[PDB]
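These notes are about the structure you will find just below.
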Amino acid sequence: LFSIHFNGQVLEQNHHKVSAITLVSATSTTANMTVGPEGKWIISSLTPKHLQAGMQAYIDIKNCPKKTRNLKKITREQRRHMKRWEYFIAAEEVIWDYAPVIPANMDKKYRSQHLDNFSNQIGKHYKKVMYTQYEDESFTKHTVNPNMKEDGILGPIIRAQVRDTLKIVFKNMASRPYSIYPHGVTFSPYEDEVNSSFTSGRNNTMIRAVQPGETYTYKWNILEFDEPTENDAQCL
Amino acid sequence: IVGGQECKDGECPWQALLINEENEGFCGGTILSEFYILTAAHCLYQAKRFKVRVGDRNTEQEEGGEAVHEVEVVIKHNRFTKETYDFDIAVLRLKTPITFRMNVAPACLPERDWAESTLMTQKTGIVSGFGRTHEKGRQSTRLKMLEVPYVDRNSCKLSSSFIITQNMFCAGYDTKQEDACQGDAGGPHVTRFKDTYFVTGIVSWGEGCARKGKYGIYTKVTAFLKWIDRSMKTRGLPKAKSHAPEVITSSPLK
Amino acid sequence: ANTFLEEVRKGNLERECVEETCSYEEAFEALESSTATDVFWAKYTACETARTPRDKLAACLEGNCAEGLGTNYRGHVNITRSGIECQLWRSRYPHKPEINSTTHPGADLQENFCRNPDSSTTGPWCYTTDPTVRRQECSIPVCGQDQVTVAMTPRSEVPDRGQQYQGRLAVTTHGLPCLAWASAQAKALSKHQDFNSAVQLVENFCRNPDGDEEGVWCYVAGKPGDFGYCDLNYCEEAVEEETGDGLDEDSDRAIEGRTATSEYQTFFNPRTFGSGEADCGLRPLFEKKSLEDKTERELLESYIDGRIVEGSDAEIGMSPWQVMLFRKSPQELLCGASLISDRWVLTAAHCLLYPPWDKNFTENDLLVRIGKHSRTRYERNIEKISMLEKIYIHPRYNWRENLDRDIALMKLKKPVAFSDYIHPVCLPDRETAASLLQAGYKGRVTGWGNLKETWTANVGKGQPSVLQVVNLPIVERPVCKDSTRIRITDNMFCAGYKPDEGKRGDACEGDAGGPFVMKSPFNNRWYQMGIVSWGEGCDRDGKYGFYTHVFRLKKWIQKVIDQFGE
């Protein structure tokens, strides 16, 4: 198989707004869409079982003024919800292990071997970085001191809407420059938040390299042109 | 196809027409016993007076000495939403007791157990009512009671813009013909379960009644057992034999 | 048609009275008729010459030709000689016949054909629908000498509201000639007129010195009153959606939250107009207290869509403004009106001037009552009877075509006050709706059952005491073209409910020209923009009304209040 994906630009397979397709033996399927702003998007052919040779591609979107559609930016005079809610994410190195905090079914394979100083292997202080979500400009404690339990090391609950102000205030503080990238989202020419090679002028530059200690906010306004269809489920 | 057939003059007692002192009705009720008449709360609140007459198959005409069931006062309901619709059930406090005649037949009381066996089997139902929920241009002089099927719960929250809870669900045909606001408000959607008759629906208007061919709104009195029990035993024994039986109660239905 | 019982009167009268002796007590019991008894003397009596034989004429026995004088027609012939059908008998529009529909309903007073209500002078004539002539005779054939009566007609054949105009013409509208500037009175009433910059000047032709986007005019003489405007045949291009590009410029939200002190506008001057500038949209009821009663209950259009309207009840206290017209003797309901302040009162023009009706009022028989919730009741502590004394006609009063701008304007001299039952209303301008094309806020057109007793009859509902509102929804344009057989000017739109099978309707309530008072959702204030004209949709079979786009005429009031100080 081939785990293909259309970064940024979202297709419409079977009249359904999707951005991924991974079947086998060349399934009889075609799609179509409508391009957006100019830029350099990515065709991420991320195939884990097929990477010893190389398979990468991108999208080169220029600008030829021919026709203009009736695409309105904001919602049509009813929905806005302009709020000052920016998702705070700090790439911390809190002590997180494979076994849960005080395991229930007793994961002795990792508790008494790698979780602490038992068996004299790794230790207790780890550097496992996890993407969380804070409630203020502190970068040290979220809604609670530990985690939300229901997600663990996985990302918590994040919902998007019109003018959701997806301003990911990312501030790395570990030992390797990290960033963030939502699956299939169109951003601004100023902020990156996507593995893009589009390095143009200072006006349309985008760099996601966030060194440990430096903070960067990926500001972009998610509006009505970032929502799926009507027949599918609510939140994709 | 079974269309809008009128009610029979035999087994169709549940029709307590709630009118006014003048020649102007508003909604209807449900006959179950001699101390409580289930109907919508907007029948009396934000309306006019209250005049009930059981066994009245026609409003303009009269079939003799049969329509007599006057009401003294009335109260409201706790969960009754004034703006929308939710648990829209009100009890009419009659003033004169009426025996069991031909056009006045009693019915057994519902229970919480008939909630998982009545909705999965009887996927249909009948809506008894003179026709006062949609009093626009279909005011029939004859007591009409059409048949409406039951639909899945996942297709009732989108029938109207108002989010519907569990108390009310679908009780009509698909988006084809006119199957909503049938009969009088507070109309009994009694479903013949098995050897008995238990009402399980009250037709009410949500945002009024216009081009509502999608689905209908009908309550479920199986969950309303805690309200019909708190307003029957806490009131005590009938003092003057149904005065008020008993209207002297708090507004949130005790 | 089913059983031998109803088809017995056709073959009964054969050789007993057609060519024999009969009168009243000789051949009366051989007819068998219980309901159609009195009308039998008029149906059989039609052949003025002779009724013999039977298998030849068949005019005064069934209904085919019009031998004799022509009084009825059984066939379905709606054509006349101009394409427009005859006027319906169950309504009086635009003229008023001698009889209505209350003298004899047994003679089928429906289906507008070719009949004769009074004497016969030529044949089955009709009433002219257009205000041009008065009668339009038909061309119904006649037995015997098949000849054509009258000769039939084959009837076979600057953009941006006009700014940079350079035409060379000088044609008035009615009959008010205007001279030039080299006469004597060149600069008369011109002390506060706001001059713009667009068209140049000229000697004696149609020009636009003020700078109006409506039309051009000149300084006429005649009588010290108003002035006429020039007319030019442009094009029928509608001001619908713009075909350029495809984007807009409107807002996107305006967040829910009443944060508005006093951001109102002012166009007129308090000096030469009076009040009605600041006191607007401030009713001591449920406006300043930030509350909601049972008035504006209009949520989303996707309530549950719409089916058939009914018209609910009302309550005393929700309809403050109520300006109508009445007569001192007798006291009968006329048509609706409006009020912009406390002096100039405007109303419709199709209820005051009608040359064909031969009734022109002066400055005494034109009364006006403001603030009323019933008809039989009569108080004094809540309202006061007003009185008019000044009348003014409209320059472009071309009502003989398709009713083009029929709005009158009087003047009130009684210094009345403003309380709970009397509420004034301002007027919008242009600096607030420059791109609000995707809207359509309706007004509060109150009134009882008055329109049903002015043009038609409508037997069933008399004069109800319920403040019934009138809905005026917004519609496209081709909705009343594929099904409507009569043409309509692009200046006026359509208003009506699409019938499903063939039902009538109940949407012509209120008054004949109620006030269109709309609350502005920007600062919570009632505004007045537009006047409801003549309505239609309850006399045929559920059609569409006609309402002309009358949104301008704002600067015309300012240029005629100059005689208050002179």
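Identifiers for the structure tokens are assigned positionally: chains receive A, B, ... in sequence, residues are indexed from 1 per chain, and ligands are indexed from 1 in the order shown.
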Self-check item: Test item: residues at most 12 Å from residue C:532, only C-alpha atoms, excluding those fewer than 6 positions along its chain, as a PyMOL selection string
Solution: chain C and resi 335-338+346-350+405-407+442-446+470-472+492+495+510-517+545-551
Interface rows for chain A against chain C: nearest pair, Å to one decimal, 12 Å, only C-alpha atoms, as JSON lines:
{"residue": "A:66", "atom": "CA", "partner": "C:245", "partner_atom": "CA", "distance": 11.2}
{"residue": "A:67", "atom": "CA", "partner": "C:245", "partner_atom": "CA", "distance": 8.5}
{"residue": "A:68", "atom": "CA", "partner": "C:245", "partner_atom": "CA", "distance": 6.5}
{"residue": "A:69", "atom": "CA", "partner": "C:246", "partner_atom": "CA", "distance": 6.6}
{"residue": "A:70", "atom": "CA", "partner": "C:246", "partner_atom": "CA", "distance": 5.2}
{"residue": "A:71", "atom": "CA", "partner": "C:247", "partner_atom": "CA", "distance": 7.6}
{"residue": "A:72", "atom": "CA", "partner": "C:247", "partner_atom": "CA", "distance": 7.4}
{"residue": "A:73", "atom": "CA", "partner": "C:252", "partner_atom": "CA", "distance": 9.3}
{"residue": "A:74", "atom": "CA", "partner": "C:252", "partner_atom": "CA", "distance": 6.5}
{"residue": "A:75", "atom": "CA", "partner": "C:252", "partner_atom": "CA", "distance": 6.4}
{"residue": "A:76", "atom": "CA", "partner": "C:252", "partner_atom": "CA", "distance": 6.0}
{"residue": "A:77", "atom": "CA", "partner": "C:252", "partner_atom": "CA", "distance": 4.1}
{"residue": "A:78", "atom": "CA", "partner": "C:253", "partner_atom": "CA", "distance": 5.3}
{"residue": "A:79", "atom": "CA", "partner": "C:253", "partner_atom": "CA", "distance": 6.2}
{"residue": "A:80", "atom": "CA", "partner": "C:253", "partner_atom": "CA", "distance": 6.0}
{"residue": "A:81", "atom": "CA", "partner": "C:255", "partner_atom": "CA", "distance": 7.8}
{"residue": "A:82", "atom": "CA", "partner": "C:255", "partner_atom": "CA", "distance": 8.7}
{"residue": "A:83", "atom": "CA", "partner": "C:255", "partner_atom": "CA", "distance": 11.1}
{"residue": "A:162", "atom": "CA", "partner": "C:252", "partner_atom": "CA", "distance": 11.4}
{"residue": "A:163", "atom": "CA", "partner": "C:253", "partner_atom": "CA", "distance": 11.5}
{"residue": "A:223", "atom": "CA", "partner": "C:252", "partner_atom": "CA", "distance": 11.7}
{"residue": "A:224", "atom": "CA", "partner": "C:252", "partner_atom": "CA", "distance": 11.8}
Kindly export the residues of the current selection with C-alpha atoms, as a PDB file, in the first residue's frame.
ATOM      1  CA  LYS A  66      -8.557  33.879 -14.548  1.00  0.00           C
ATOM      2  CA  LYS A  67     -11.798  33.489 -12.553  1.00  0.00           C
ATOM      3  CA  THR A  68     -12.934  34.590  -9.092  1.00  0.00           C
ATOM      4  CA  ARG A  69     -15.420  32.577  -7.044  1.00  0.00           C
ATOM      5  CA  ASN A  70     -17.912  33.822  -4.436  1.00  0.00           C
ATOM      6  CA  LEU A  71     -15.864  32.382  -1.563  1.00  0.00           C
ATOM      7  CA  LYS A  72     -16.564  34.479   1.541  1.00  0.00           C
ATOM      8  CA  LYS A  73     -13.837  34.568   4.193  1.00  0.00           C
ATOM      9  CA  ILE A  74     -15.843  34.705   7.436  1.00  0.00           C
ATOM     10  CA  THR A  75     -19.301  33.176   7.932  1.00  0.00           C
ATOM     11  CA  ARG A  76     -22.276  34.910   6.332  1.00  0.00           C
ATOM     12  CA  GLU A  77     -23.331  37.422   8.997  1.00  0.00           C
ATOM     13  CA  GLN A  78     -24.198  35.157  11.930  1.00  0.00           C
ATOM     14  CA  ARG A  79     -21.160  33.198  13.183  1.00  0.00           C
ATOM     15  CA  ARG A  80     -17.860  34.636  14.408  1.00  0.00           C
ATOM     16  CA  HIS A  81     -17.098  33.909  18.080  1.00  0.00           C
ATOM     17  CA  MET A  82     -13.946  36.034  18.212  1.00  0.00           C
ATOM     18  CA  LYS A  83     -12.348  34.808  21.441  1.00  0.00           C
ATOM     19  CA  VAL A 162     -14.950  29.779  13.012  1.00  0.00           C
ATOM     20  CA  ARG A 163     -12.292  32.214  14.284  1.00  0.00           C
ATOM     21  CA  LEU A 223     -12.988  29.964   9.403  1.00  0.00           C
ATOM     22  CA  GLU A 224     -15.840  28.498   7.350  1.00  0.00           C
TER      23      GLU A 224
END
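The space between atom CA of residue B:238 and atom CA of residue B:34 spans 11.1 Å.
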Practice problem: Show which residues sit within 9 Å of stretch 115-126 of chain B, as a PyMOL selection string. Count only C-alpha atoms, and ignore same-chain residues fewer than 6 positions away. | Solution: chain B and resi 145-151+171-172+188-193+220+222-223
Exercise. From stretch 2-250 of chain B, collect each residue whose DSSP state is helix (DSSP H, G or I) and return the set as a PyMOL selection string.
Key: chain B and resi 112-115+153-155+225-230
Self-check item: Proximal residues of chain C relative to chain B (only C-alpha atoms; 6 Å) as a count of residues only
Solution: 5
Self-check item: Contact residues around residue A:24 with only C-alpha atoms at 12 Å, ignoring same-chain residues under 4 positions, as a PyMOL selection string
Solution: chain A and resi 1-4+28-29
Mind dumping the selected residues with N, CA and C atoms as a PDB file, in the first residue's frame?
ATOM      1  N   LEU A   1       0.832  -1.194   0.000  1.00  0.00           N
ATOM      2  CA  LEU A   1       0.000   0.000   0.000  1.00  0.00           C
ATOM      3  C   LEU A   1       0.871   1.249   0.000  1.00  0.00           C
ATOM      4  N   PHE A   2       0.214   2.398  -0.149  1.00  0.00           N
ATOM      5  CA  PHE A   2       0.890   3.691  -0.169  1.00  0.00           C
ATOM      6  C   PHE A   2       0.087   4.673   0.667  1.00  0.00           C
ATOM      7  N   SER A   3       0.651   5.087   1.803  1.00  0.00           N
ATOM      8  CA  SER A   3      -0.005   6.043   2.696  1.00  0.00           C
ATOM      9  C   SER A   3       0.251   7.453   2.169  1.00  0.00           C
ATOM     10  N   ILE A   4      -0.564   7.850   1.198  1.00  0.00           N
ATOM     11  CA  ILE A   4      -0.443   9.163   0.582  1.00  0.00           C
ATOM     12  C   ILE A   4      -1.309  10.155   1.348  1.00  0.00           C
ATOM     13  N   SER A  28     -10.269   1.667  -8.233  1.00  0.00           N
ATOM     14  CA  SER A  28     -10.919   2.559  -9.184  1.00  0.00           C
ATOM     15  C   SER A  28     -11.562   3.739  -8.467  1.00  0.00           C
ATOM     16  N   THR A  29     -10.824   4.837  -8.330  1.00  0.00           N
ATOM     17  CA  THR A  29     -11.315   6.003  -7.611  1.00  0.00           C
ATOM     18  C   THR A  29     -10.630   7.251  -8.144  1.00  0.00           C
TER      19      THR A  29
END
Exercise. Mind giving me the straight-line distance from atom CA of residue C:107 to atom CA of residue C:28 in Å, one decimal?
Key: 21.0 Å
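Of note, atom CA of residue C:15 and atom CA of residue C:57 are spaced 15.8 Å apart.
Of the residues listed (B:109, B:43, B:127, B:32), B:127 shows the shortest atom-to-atom separation from residue B:5; distances use only C-alpha atoms.
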Write out as a Markdown table the residues of stretch 7-43 of chain B that have any atom within 8 Å of an atom of stretch 69-90 of chain B, one row each with the nearest atom pair and its distance in Å to one decimal, counting only C-alpha atoms, sorted by chain and then rising number.
| residue | atom | partner | partner_atom | distance |
| --- | --- | --- | --- | --- |
| B:37 | CA | B:90 | CA | 7.7 |
| B:38 | CA | B:90 | CA | 5.7 |
| B:39 | CA | B:90 | CA | 5.1 |
| B:40 | CA | B:89 | CA | 4.7 |
| B:41 | CA | B:90 | CA | 4.8 |
| B:42 | CA | B:88 | CA | 7.7 |
Could you turn the residues from that selection into a file that holds N, CA and C atoms, as an mmCIF file, in the first residue's frame?
data_model
loop_
_atom_site.group_PDB
_atom_site.id
_atom_site.type_symbol
_atom_site.label_atom_id
_atom_site.label_comp_id
_atom_site.auth_asym_id
_atom_site.auth_seq_id
_atom_site.Cartn_x
_atom_site.Cartn_y
_atom_site.Cartn_z
ATOM 1 N N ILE B 37 -56.513 14.390 34.190
ATOM 2 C CA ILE B 37 -56.648 14.422 32.738
ATOM 3 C C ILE B 37 -55.333 14.943 32.174
ATOM 4 N N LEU B 38 -54.595 14.078 31.482
ATOM 5 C CA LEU B 38 -53.299 14.455 30.934
ATOM 6 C C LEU B 38 -53.477 15.316 29.691
ATOM 7 N N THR B 39 -52.778 16.446 29.654
ATOM 8 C CA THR B 39 -52.819 17.348 28.511
ATOM 9 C C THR B 39 -51.583 18.234 28.556
ATOM 10 N N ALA B 40 -51.418 19.038 27.509
ATOM 11 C CA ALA B 40 -50.284 19.942 27.438
ATOM 12 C C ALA B 40 -50.463 21.108 28.408
ATOM 13 N N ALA B 41 -49.334 21.693 28.813
ATOM 14 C CA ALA B 41 -49.373 22.801 29.761
ATOM 15 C C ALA B 41 -49.688 24.129 29.083
ATOM 16 N N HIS B 42 -49.309 24.289 27.812
ATOM 17 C CA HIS B 42 -49.657 25.503 27.084
ATOM 18 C C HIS B 42 -51.140 25.576 26.745
#
Assign secondary structure with DSSP using the backbone only, and return the residues of stretch 6-233 of chain B in strand (DSSP E or B) as a compact mmCIF listing (two decimals) with N, CA and C atoms, in the first residue's frame.
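The resulting file, selection_39.txt, is shown below:
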# COMPACT_ATOMS: atom_id res chain seq x y z
N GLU B 6 -61.45 9.14 10.53
CA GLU B 6 -62.02 9.70 11.75
C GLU B 6 -62.13 8.64 12.84
N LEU B 17 -62.12 17.44 25.33
CA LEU B 17 -61.96 18.71 24.63
C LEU B 17 -61.89 19.86 25.62
N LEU B 18 -60.79 20.60 25.59
CA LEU B 18 -60.57 21.75 26.47
C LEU B 18 -60.95 23.01 25.70
N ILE B 19 -62.13 23.55 26.00
CA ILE B 19 -62.62 24.74 25.32
C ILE B 19 -62.70 25.90 26.31
N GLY B 25 -62.64 26.79 21.14
CA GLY B 25 -61.78 25.82 21.78
C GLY B 25 -60.31 26.19 21.67
N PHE B 26 -59.47 25.35 22.29
CA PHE B 26 -58.04 25.59 22.27
C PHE B 26 -57.26 24.29 22.10
N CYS B 27 -57.54 23.30 22.93
CA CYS B 27 -56.81 22.04 22.88
C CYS B 27 -57.71 20.94 23.44
N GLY B 28 -57.12 19.77 23.73
CA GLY B 28 -57.86 18.64 24.23
C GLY B 28 -57.12 17.95 25.37
N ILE B 31 -58.38 10.88 28.65
CA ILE B 31 -59.18 10.23 29.68
C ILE B 31 -58.46 8.98 30.17
N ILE B 37 -56.51 14.39 34.19
CA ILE B 37 -56.65 14.42 32.74
C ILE B 37 -55.33 14.94 32.17
N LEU B 38 -54.59 14.08 31.48
CA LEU B 38 -53.30 14.45 30.93
C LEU B 38 -53.48 15.32 29.69
N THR B 39 -52.78 16.45 29.65
CA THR B 39 -52.82 17.35 28.51
C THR B 39 -51.58 18.23 28.56
N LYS B 51 -62.38 24.94 29.92
CA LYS B 51 -63.68 24.27 29.99
C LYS B 51 -63.53 22.90 29.35
N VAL B 52 -63.72 21.85 30.13
CA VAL B 52 -63.55 20.48 29.67
C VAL B 52 -64.91 19.81 29.55
N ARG B 53 -65.04 18.92 28.57
CA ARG B 53 -66.24 18.11 28.41
C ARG B 53 -65.83 16.78 27.79
N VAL B 71 -64.25 22.01 34.76
CA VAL B 71 -62.99 22.14 35.49
C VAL B 71 -63.03 23.43 36.29
N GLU B 72 -62.60 23.36 37.55
CA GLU B 72 -62.57 24.54 38.41
C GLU B 72 -61.36 25.41 38.09
N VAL B 73 -60.21 25.09 38.69
CA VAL B 73 -58.97 25.80 38.41
C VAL B 73 -57.97 24.80 37.84
N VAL B 74 -56.72 25.24 37.64
CA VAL B 74 -55.67 24.40 37.10
C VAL B 74 -54.32 24.99 37.49
N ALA B 90 -49.77 18.43 31.65
CA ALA B 90 -50.50 19.14 32.69
C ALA B 90 -51.73 18.33 33.06
N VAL B 91 -52.14 18.42 34.32
CA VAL B 91 -53.30 17.67 34.81
C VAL B 91 -54.47 18.63 34.98
N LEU B 92 -55.62 18.24 34.43
CA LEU B 92 -56.84 19.04 34.54
C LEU B 92 -57.61 18.61 35.78
N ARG B 93 -57.87 19.55 36.68
CA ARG B 93 -58.54 19.27 37.94
C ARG B 93 -60.04 19.49 37.76
N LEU B 94 -60.75 18.41 37.46
CA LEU B 94 -62.19 18.49 37.24
C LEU B 94 -62.92 18.86 38.54
N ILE B 126 -51.74 5.80 17.07
CA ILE B 126 -52.87 6.62 16.65
C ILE B 126 -52.85 7.91 17.45
N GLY B 129 -57.65 13.36 18.34
CA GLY B 129 -57.76 14.79 18.51
C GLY B 129 -58.72 15.44 17.53
N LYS B 144 -61.06 13.33 14.12
CA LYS B 144 -60.14 12.59 13.26
C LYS B 144 -59.03 11.96 14.09
N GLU B 147 -53.25 7.33 11.62
CA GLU B 147 -52.23 6.40 12.10
C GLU B 147 -50.85 6.90 11.68
N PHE B 169 -40.00 12.06 21.29
CA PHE B 169 -39.30 11.36 20.22
C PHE B 169 -40.15 11.43 18.95
N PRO B 188 -54.06 12.38 23.11
CA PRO B 188 -53.48 11.09 23.53
C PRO B 188 -52.96 10.27 22.36
N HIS B 189 -51.67 9.94 22.39
CA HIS B 189 -51.08 9.03 21.40
C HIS B 189 -51.02 7.63 21.99
N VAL B 190 -52.20 7.11 22.30
CA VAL B 190 -52.31 5.80 22.94
C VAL B 190 -51.94 4.71 21.94
N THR B 191 -51.12 3.76 22.39
CA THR B 191 -50.70 2.63 21.58
C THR B 191 -51.22 1.35 22.23
N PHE B 198 -52.41 1.96 26.99
CA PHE B 198 -51.60 2.91 27.75
C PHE B 198 -51.21 4.06 26.84
N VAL B 199 -51.62 5.28 27.21
CA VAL B 199 -51.24 6.46 26.44
C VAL B 199 -49.74 6.68 26.58
N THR B 200 -49.12 7.18 25.51
CA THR B 200 -47.68 7.41 25.51
C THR B 200 -47.30 8.50 24.51
N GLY B 201 -47.99 9.63 24.56
CA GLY B 201 -47.68 10.73 23.66
C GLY B 201 -48.61 11.91 23.78
N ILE B 202 -48.05 13.12 23.72
CA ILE B 202 -48.82 14.36 23.76
C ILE B 202 -48.32 15.25 22.63
N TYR B 218 -44.05 13.88 20.37
CA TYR B 218 -44.98 13.23 21.29
C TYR B 218 -44.22 12.77 22.52
Exercise. Pick out the residues sitting within 8 Å of stretch 37-43 of chain A, and hand them over as a ChimeraX atom specification; count only C-alpha atoms, and ignore anything fewer than 5 positions along from it in its own chain.
Key: /A:4-9,56-63,195-198
What would the file look like if the residues just selected were written as a PDB file, in the first residue's frame with N, CA and C atoms?
ATOM      1  N   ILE A   4      -0.564   7.850   1.198  1.00  0.00           N
ATOM      2  CA  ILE A   4      -0.443   9.163   0.582  1.00  0.00           C
ATOM      3  C   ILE A   4      -1.309  10.155   1.348  1.00  0.00           C
ATOM      4  N   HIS A   5      -0.956  11.435   1.242  1.00  0.00           N
ATOM      5  CA  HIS A   5      -1.700  12.497   1.903  1.00  0.00           C
ATOM      6  C   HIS A   5      -1.480  13.800   1.150  1.00  0.00           C
ATOM      7  N   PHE A   6      -2.524  14.622   1.096  1.00  0.00           N
ATOM      8  CA  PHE A   6      -2.490  15.915   0.419  1.00  0.00           C
ATOM      9  C   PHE A   6      -2.449  17.002   1.490  1.00  0.00           C
ATOM     10  N   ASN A   7      -1.248  17.489   1.789  1.00  0.00           N
ATOM     11  CA  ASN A   7      -1.086  18.505   2.817  1.00  0.00           C
ATOM     12  C   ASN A   7      -1.649  19.843   2.351  1.00  0.00           C
ATOM     13  N   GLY A   8      -2.307  20.540   3.274  1.00  0.00           N
ATOM     14  CA  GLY A   8      -2.884  21.836   2.973  1.00  0.00           C
ATOM     15  C   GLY A   8      -4.136  21.754   2.126  1.00  0.00           C
ATOM     16  N   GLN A   9      -3.969  21.457   0.840  1.00  0.00           N
ATOM     17  CA  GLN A   9      -5.107  21.357  -0.061  1.00  0.00           C
ATOM     18  C   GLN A   9      -5.900  20.088   0.228  1.00  0.00           C
ATOM     19  N   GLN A  56       9.110  11.091  -2.334  1.00  0.00           N
ATOM     20  CA  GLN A  56       8.599  12.357  -1.833  1.00  0.00           C
ATOM     21  C   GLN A  56       8.056  13.180  -2.993  1.00  0.00           C
ATOM     22  N   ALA A  57       7.108  14.057  -2.674  1.00  0.00           N
ATOM     23  CA  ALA A  57       6.508  14.939  -3.666  1.00  0.00           C
ATOM     24  C   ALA A  57       5.917  16.145  -2.951  1.00  0.00           C
ATOM     25  N   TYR A  58       5.643  17.193  -3.726  1.00  0.00           N
ATOM     26  CA  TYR A  58       5.111  18.439  -3.196  1.00  0.00           C
ATOM     27  C   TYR A  58       4.101  19.007  -4.186  1.00  0.00           C
ATOM     28  N   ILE A  59       3.541  20.164  -3.844  1.00  0.00           N
ATOM     29  CA  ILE A  59       2.602  20.881  -4.700  1.00  0.00           C
ATOM     30  C   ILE A  59       3.146  22.284  -4.929  1.00  0.00           C
ATOM     31  N   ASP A  60       3.174  22.710  -6.187  1.00  0.00           N
ATOM     32  CA  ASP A  60       3.646  24.039  -6.567  1.00  0.00           C
ATOM     33  C   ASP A  60       2.440  24.829  -7.077  1.00  0.00           C
ATOM     34  N   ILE A  61       1.867  25.646  -6.200  1.00  0.00           N
ATOM     35  CA  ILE A  61       0.696  26.454  -6.519  1.00  0.00           C
ATOM     36  C   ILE A  61       1.170  27.871  -6.813  1.00  0.00           C
ATOM     37  N   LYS A  62       1.016  28.302  -8.066  1.00  0.00           N
ATOM     38  CA  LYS A  62       1.354  29.669  -8.441  1.00  0.00           C
ATOM     39  C   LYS A  62       0.114  30.552  -8.362  1.00  0.00           C
ATOM     40  N   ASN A  63      -0.047  31.466  -9.323  1.00  0.00           N
ATOM     41  CA  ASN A  63      -1.195  32.372  -9.313  1.00  0.00           C
ATOM     42  C   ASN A  63      -1.408  32.883 -10.738  1.00  0.00           C
ATOM     43  N   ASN A 195       5.405  21.150   7.685  1.00  0.00           N
ATOM     44  CA  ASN A 195       6.694  20.793   7.102  1.00  0.00           C
ATOM     45  C   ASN A 195       6.766  21.241   5.648  1.00  0.00           C
ATOM     46  N   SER A 196       6.941  22.540   5.427  1.00  0.00           N
ATOM     47  CA  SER A 196       6.975  23.118   4.092  1.00  0.00           C
ATOM     48  C   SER A 196       8.375  23.618   3.770  1.00  0.00           C
ATOM     49  N   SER A 197       8.752  23.514   2.497  1.00  0.00           N
ATOM     50  CA  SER A 197      10.017  24.042   2.008  1.00  0.00           C
ATOM     51  C   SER A 197       9.864  25.415   1.365  1.00  0.00           C
ATOM     52  N   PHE A 198       8.705  26.052   1.523  1.00  0.00           N
ATOM     53  CA  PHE A 198       8.454  27.360   0.931  1.00  0.00           C
ATOM     54  C   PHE A 198       9.220  28.448   1.674  1.00  0.00           C
TER      55      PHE A 198
END
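Every protein or nucleic acid residue with an atom no more than 12 Å from residue C:191, counting only C-alpha atoms and leaving out same-chain residues fewer than 4 positions away, appears here: residues 187, 195, 272, 558, 559, 561, 562, 563, 565 and 566 of chain C.
Of the listed residues (A:21, A:55, A:90, A:185), A:90 comes nearest to residue A:133; the distances count only C-alpha atoms.
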Skip residue C:143 itself and residues of its chain fewer than 6 positions away, then list as a compact mmCIF listing (two decimals) with N, CA and C atoms, in the first residue's frame all residues within 9 Å of it, counting only C-alpha atoms.
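around-v7.txt, written as the output of this step:
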# COMPACT_ATOMS: atom_id res chain seq x y z
N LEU C 57 -82.01 26.75 -33.13
CA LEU C 57 -81.50 27.87 -32.33
C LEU C 57 -80.74 27.35 -31.11
N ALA C 59 -80.64 28.51 -28.13
CA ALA C 59 -80.01 29.63 -27.43
C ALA C 59 -80.66 29.91 -26.08
N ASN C 64 -75.71 28.64 -26.29
CA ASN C 64 -74.71 28.54 -27.34
C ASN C 64 -74.40 29.91 -27.92
N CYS C 65 -75.27 30.39 -28.81
CA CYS C 65 -75.09 31.69 -29.44
C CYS C 65 -75.73 32.77 -28.56
N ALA C 66 -75.86 33.99 -29.08
CA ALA C 66 -76.45 35.10 -28.35
C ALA C 66 -77.53 35.76 -29.20
N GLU C 67 -78.50 34.95 -29.64
CA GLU C 67 -79.59 35.45 -30.46
C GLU C 67 -80.57 36.24 -29.61
N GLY C 68 -80.83 37.48 -30.01
CA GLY C 68 -81.74 38.34 -29.28
C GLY C 68 -81.09 39.61 -28.78
